[PDB]
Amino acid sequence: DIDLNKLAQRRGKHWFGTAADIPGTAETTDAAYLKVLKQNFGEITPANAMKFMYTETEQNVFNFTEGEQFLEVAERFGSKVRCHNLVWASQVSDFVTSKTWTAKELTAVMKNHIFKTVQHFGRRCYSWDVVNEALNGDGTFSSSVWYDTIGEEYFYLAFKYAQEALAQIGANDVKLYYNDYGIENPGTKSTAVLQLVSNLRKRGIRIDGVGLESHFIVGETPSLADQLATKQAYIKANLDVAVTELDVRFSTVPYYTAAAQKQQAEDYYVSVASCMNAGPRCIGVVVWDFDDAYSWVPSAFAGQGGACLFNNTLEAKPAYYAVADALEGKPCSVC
């Protein structure tokens, strides 16, 4: 037996984690899936259950049933939870997107959502992904109902409100993260993250960490050196770093040949190793689910897939064993 989380913890990390799409999908009652989940992970992110559209479906009407169902699974397994997410362009309730708003009114909507959601779960959340995917690749703000109506201030206010809501209930230890893709290597987007952090902190607003989604493509994964350098840039700026949504997807079939799987193993390996080699402030690695049969990829991109550590019948791939090697600080044995 290998237990990825056990290995990660032996080498200074908080956990090895995964997203799980519970209670939204058949994972919820898939015993084989749940057995691998319990056996390998010390953190679980809700893939959907804490999102705006599953927490506040009508204005100021909160129903946390899905999130509570998710948390019982995670907590029963002894796993920490990266709560995800408060403010994002996608998966916002219809009452928000299908109504017209002033900046003042939508600011209040945002504030009320943050306070009620953060205070409901309280310290059961290790952290929150407060704002999700706020940047374009060029470092400008990306479009969302929030940005388009409120302007740039929405971003700073989201963190201010999360901080205030947690302070009110004595939960200052719940960490506040910004989470995005395309910020795992050097470039304009990463630089823009650092600027956002600087701007938050000048306003006396707490930001504890950055979440590096790490939705990579097999054969096009940024190098160990580049990923390590970028993590060090964040850490040197007094940010904790988590790899939050790691997967390495194939742009085309085949997904399961020897050469394909070796490349994918190497891509997972360097991504994990970059966190190991960054030291303790890279707190851990979370994959965006671990079973190809439940992966987000094929429904997002026609013909892409095979992105996860385990295949559809829950056989561990070379990438699983490569991650285990990385977590132990050992050379890749299957690359």
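One rule holds for the numbers: they count along the sequence shown, beginning at 1.
J.: Going by the B-factors listed in the PDB entry, is the mean over the C-alpha atoms higher for 128-136 or for 90-98?
T.: In the deposited entry, the stretch with the higher C-alpha B-factor mean is 90-98.
J.: On mean Cα temperature factor in this entry, is 315-323 or 11-19 the higher one?
T.: Taking the mean C-alpha B-factor of 315-323 and of 11-19, the larger value falls to 11-19.
J.: Among the choices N40, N63, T45, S271, identify the one whose CA B-factor in the record is greatest.
T.: So the option with the highest C-alpha B-factor is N63.
J.: From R123, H113, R82, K104, can you pick the one with the highest C-alpha B factor in the entry?
T.: It is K104.
J.: Could you place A300 in the lowest, middle or highest third of its chain by Cα temperature factor, using the values in the record?
T.: Highest third.
J.: When the deposited Cα B-factors of this chain's modelled residues are ordered and cut into thirds, is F155 in the lowest, the middle or the highest one?
T.: Middle third, going by the recorded CA B-factors of the chain.
J.: Sorting the chain's CA B-factors, does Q264 end up in the lowest, middle or highest third?
T.: Lowest third, going by the recorded CA B-factors of the chain.
J.: Among the modelled residues of this chain, does the Cα B factor of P254 put it in the lowest, middle or highest third?
T.: For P254, the deposited C-alpha B-factor lands in the middle third.
J.: Is the Cα B-factor recorded for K189 in the lowest, middle or highest third of its chain?
T.: According to the entry, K189 has a C-alpha B-factor in the chain's middle third.
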